[PDB]
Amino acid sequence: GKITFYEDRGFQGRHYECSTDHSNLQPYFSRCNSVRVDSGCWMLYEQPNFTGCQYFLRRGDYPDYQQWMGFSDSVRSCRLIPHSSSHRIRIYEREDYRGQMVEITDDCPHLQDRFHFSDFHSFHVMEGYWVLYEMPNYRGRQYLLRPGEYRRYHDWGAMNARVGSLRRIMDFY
């Protein structure tokens, strides 16, 4: 997989070509205003060691940080997300998996409208990587969900319990 980050918008300035996970990109550029995803699915992180804001990037050219819904021009770590052949997630109503629950294998642009209940506080990712969004239609803050368990919002890096949409990381093309 390959990605290149540029310090200036419109693919200008100092840049860095990258093919792997990086817990700290500060040594190669101090800001990111544009990116070129040649191949792969990447999760950009605002701070080192995969913390702060998260941004999902699929192959394409991103002229401005706003094209990847960035809150700023900060990108300090990154993950090359693995290809998954299937996707399955269990959504619980209460934290710690308590309460009502639904199971899904498709994308959900609007969670609280689609199911028989509208409080979602814990997740159990069975297969695949997903992007949880704060607002319907894949808008707002983003949180990478990898296979595994998330009992409270604190587990998926969220500073808050807001969720409105969900999508399977798959591929752009």
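All residue numbers refer to positions in the sequence shown, first residue = 1.
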If you average the CA temperature factors over each stretch, which comes out higher, 80 to 88 or 67 to 75?
80 to 88
Do the CA atoms of 116 to 124 or those of 53 to 61 have the higher mean B-factor in the entry?
116 to 124
Of the residues 134, 46, 38, 106, the one carrying the largest Cα B-factor as recorded:
106
What third of the chain, by the recorded C-alpha B-factor, contains residue 8?
middle
Compared with the other modelled residues in the chain, in which third is the CA B-factor of residue 16?
lowest
Could you tell me which third, lowest, middle or highest, the C-alpha B-factor of residue 111 occupies within its chain?
highest
CA B-factor placement of residue 23, once the chain's modelled residues are sorted into thirds
lowest
